[PDB]
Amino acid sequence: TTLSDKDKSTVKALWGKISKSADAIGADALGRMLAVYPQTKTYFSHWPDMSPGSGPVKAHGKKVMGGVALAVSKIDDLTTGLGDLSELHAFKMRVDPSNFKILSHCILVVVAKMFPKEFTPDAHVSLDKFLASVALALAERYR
C-alpha cells in the first residue's frame, strides 16, 4: 500500500481539478453507497433520511470529502493523519472493514461519472491506491 512519488503527484494533480466539486462528490458517493449497498445503512439507522440527495446525505457527504481532503493533506503519513477518524469508525462505531472498500469504490464511480476525461487509467491506479491507504489507515484502531 506504500504510495510512490508518482501516486502522490497523480492524486494531488487530480485533486487540483476535482476539489471544487468535493461536496457534490461526497453527497453523490454516500448516497450511492447506501442505496447500492443497503447493508451499509445499519450504520446510519438513527438518521431520519438516507436517500440520494437528501438533506442528511448532502450534509454528511461534505464531511466525508472533507475527510478525503484531509487525507490528501496527510498523504505522507495517513496512518497518523487519519487517527481521529480511525478512532471514530474502527474503535467507536465498529464499522466492518469491508465497507471502506465499498465507499472507496463509490467515490471512484462518482469521480469517473463527473470527470470522465480527467479520470484516466493512470489517475485510476493512483486514486485507488490512495483510497486503499485511506481505508487501511481508518482500520488502525480496531486492534
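Numbers for residues come from their place in the sequence shown, where the first is 1.
Per the PDB record, is the mean Cα temperature factor higher over 11-19 or over 126-134? According to the entry, 11-19 carries the higher average C-alpha B-factor.
Highest mean C-alpha temperature factor of the two stretches 113-121 and 74-82, which is it? Mean C-alpha B-factor is greater for 74-82.
Could you tell me which one of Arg32, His105, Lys41, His89 shows the highest CA temperature factor in the PDB record? Among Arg32, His105, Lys41, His89, the PDB entry lists the largest C-alpha B-factor for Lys41.
Lowest, middle or highest third - CA B-factor, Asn99: Its C-alpha B-factor belongs to the lowest third of this chain's values.
Can you tell me which third, lowest, middle or highest, the CA B-factor of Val68 falls into for its chain? For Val68, whose C-alpha B-factor we compare with every modelled residue in the chain, the answer is the middle third.
Entry-reported Cα temperature factor of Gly53, expressed as the chain third it lands in: Highest third of the chain for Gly53's C-alpha B-factor.
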